[PDB]
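Below you'll find the structure, written out as structure tokens, and then a few comments.
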Amino acid sequence: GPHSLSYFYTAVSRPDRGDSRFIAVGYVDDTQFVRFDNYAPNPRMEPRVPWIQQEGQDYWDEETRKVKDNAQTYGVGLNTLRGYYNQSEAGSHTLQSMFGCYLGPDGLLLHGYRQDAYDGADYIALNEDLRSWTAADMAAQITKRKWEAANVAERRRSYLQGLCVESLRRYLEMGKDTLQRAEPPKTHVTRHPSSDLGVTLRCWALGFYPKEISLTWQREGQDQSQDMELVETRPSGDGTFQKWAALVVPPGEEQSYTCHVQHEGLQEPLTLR
Amino acid sequence: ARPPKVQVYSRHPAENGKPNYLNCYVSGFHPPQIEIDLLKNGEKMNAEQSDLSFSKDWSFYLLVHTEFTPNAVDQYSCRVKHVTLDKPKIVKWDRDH
Amino acid sequence: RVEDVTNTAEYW
């Protein structure tokens with residue numbers, strides 16, 4: 001699919017007065033590559049993968065400056081939003097932002113997005129056209145109004161169409177070894193004589209990249225997918241992901257059941273039994 | 001408020017006596033204030049915590065992970081404290097799930 | 001070259 005460059009900002013107000021915790025994380029596709037946290041003294045934007053270390057000092061200095069200024073911005077924003085909702089200064093609140101860009105086939109912006117949320121719920125969002133805003137309530141309409149009068153959508157759109165896509169292409173080039181590779185899942189079926197004369201078959205897919213995958217159990221003689229126990233896709237800890245799907249069959253029907261695995265790292269869908 | 005989902009698992013298929021990696025993946029929770037600890041026979045293990053992030057529905061997720069060597073004796077689990085849980089949620093590790 | 005340089009922001 002199309003490659004992605006995404007940023008996730010979390011600002012958490014504290015009842016202990018004035019500051020707020022600010023955390024920023026940056027992803028290329030499903031690979032985290034930078035982080036920022038204002039909790040530690042002398043805080044810096046820091047690498048989280050080897051390839052981004054190819055960048056020089058000036059890069060890290062500029063990124064650190066920008067995220068620190070953004071942090072102070074979100075600190076002020078928490079108080080502004082608290083005011084809008086007529087909430088007390090007693091409780092802690094959160095302001096989240098996700099933004100980023102997808103690379104099209106011509107090396108240009110395919111889709112760009114920017115979205116802000118207050119205490120877990122949609123606050124304001126930039127529209128597909130990248131020129132207008134969707135406020136989710138009346139408090140956000142004040143923000144929508146301010147932004148509309150200051151042509152904020154223009155700068156957001158010029159960032160997404162310009163700097164974002166070019167740095168995404170740059171990052172795809174710096175880590176082409178690992179970023180442009182699809183890693184297929186290592187699959188296997190384990191058998192557990194567990195239930196009362198019922199056999200649990202569990203189909204495992206391990207170490208696949210990117211996130212998206214399809215795991216189903218099919219029964220010879222029926223077309224739809226069979227009911228199963230399916231856990232959510234989970235990180236392996238090394239940048240890959242894993243998943244499994246299990247079901248219990250009578251203790252004689254082991255090879256009447258097939259696990260089907262669909263992943264973009266596989267040349268063709270996979271069948272295990 | 002949204003309660004955390006908790007998964008405890010090894011990075012590689014667990015083999016007795018063989019070095020591996022133990023993960024506690026906590027997702028889908030809000031507010032972001034949460035305590036996550038990995039436990040070996042009830043005692044806290046020293047482990048790394050990922051940087052706070054969140055999914056497309058704004059719910060947060062964290063990963064707590066550390067090196068470990070499973071055997072047939074030591075018991076592993078993960079304990080999570082969150083405002084939505086009246087008691088700390090403890091999930092035992094199992095090589096099969 | 002990666003984060004939006006916000007100036008004139010503290011503007012919600």
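So you can find residues: chains in the structure tokens are A, B, ... in the order shown, residues in each start at 1, and ligands are numbered from 1 in order.
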
>> If you run DSSP on the backbone here, which positions in segment 2-249 of chain A get strand (DSSP E)? Please write them as a VMD selection string.
In response: chain A and resid 4 to 13 20 to 28 31 to 37 46 to 47 94 to 103 109 to 118 121 to 126 133 to 135 186 to 193 199 to 208 214 to 219 229 to 230 234 to 235 241 to 249

Per residue of chain C within 6 Å of chain A, note the shortest atom pair and the distance in Å to one decimal, counting only C-alpha atoms, and order the rows by chain and increasing residue number, as a Markdown table.
| residue | atom | partner | partner_atom | distance |
| --- | --- | --- | --- | --- |
| C:2 | CA | A:167 | CA | 5.9 |
| C:5 | CA | A:66 | CA | 5.5 |
| C:10 | CA | A:73 | CA | 4.4 |
| C:12 | CA | A:143 | CA | 4.9 |

> Would you list which chain B residues are within 9 Å of chain A using only C-alpha atoms, as a PyMOL selection string?
Replying inline: chain B and resi 1+7+9-12+21-23+25+30-32+51-54+56-59+63-65+96

>> List the spatial neighbours of residue 222 of chain A as a PyMOL selection string - criterion: any atom at most 12 Å away, only C-alpha atoms, same-chain residues fewer than 4 positions off excluded.
In response: chain A and resi 217-218+226-227+256-258

Keeping only C-alpha atoms, write the selected residues as a PDB file, in the first residue's frame.
ATOM      1  CA  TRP A 217     -10.284 -21.147   9.780  1.00  0.00           C
ATOM      2  CA  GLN A 218     -12.301 -22.778   6.961  1.00  0.00           C
ATOM      3  CA  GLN A 226     -15.819 -20.785  10.902  1.00  0.00           C
ATOM      4  CA  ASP A 227     -16.345 -19.311  14.352  1.00  0.00           C
ATOM      5  CA  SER A 256     -10.836 -31.290   8.225  1.00  0.00           C
ATOM      6  CA  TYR A 257      -9.813 -27.758   9.207  1.00  0.00           C
ATOM      7  CA  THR A 258      -7.544 -25.317   7.392  1.00  0.00           C
TER       8      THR A 258
END

>> Quick check, in Å to one decimal: how far apart do atom CA of residue 61 of chain A and atom CA of residue 239 of chain A lie?
In response: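 If I compute the distance from atom CA of residue 61 of chain A to atom CA of residue 239 of chain A, I get 26.1 Å.
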
>> Please report the interatomic distance between atom CA of residue 157 of chain A and atom CA of residue 101 of chain A in Å with one decimal.
In response: 10.2 Å

>> So the first atom is atom CA of residue 233 of chain A and the second is atom CA of residue 182 of chain A; what is the distance between them in Å, to one decimal place?
In response: 16.4 Å

> Quick one: DSSP helix (DSSP H, G or I) residues in segment 40-207 of chain A, as a ChimeraX atom specification?
Replying inline: /A:51-54,57-84,138-149,152-174,176-179

> In terms of the shortest atom-to-atom distance over only C-alpha atoms, which of A:31, A:262, A:57, A:21 is closest to residue 1 of chain C?
Replying inline: A:57
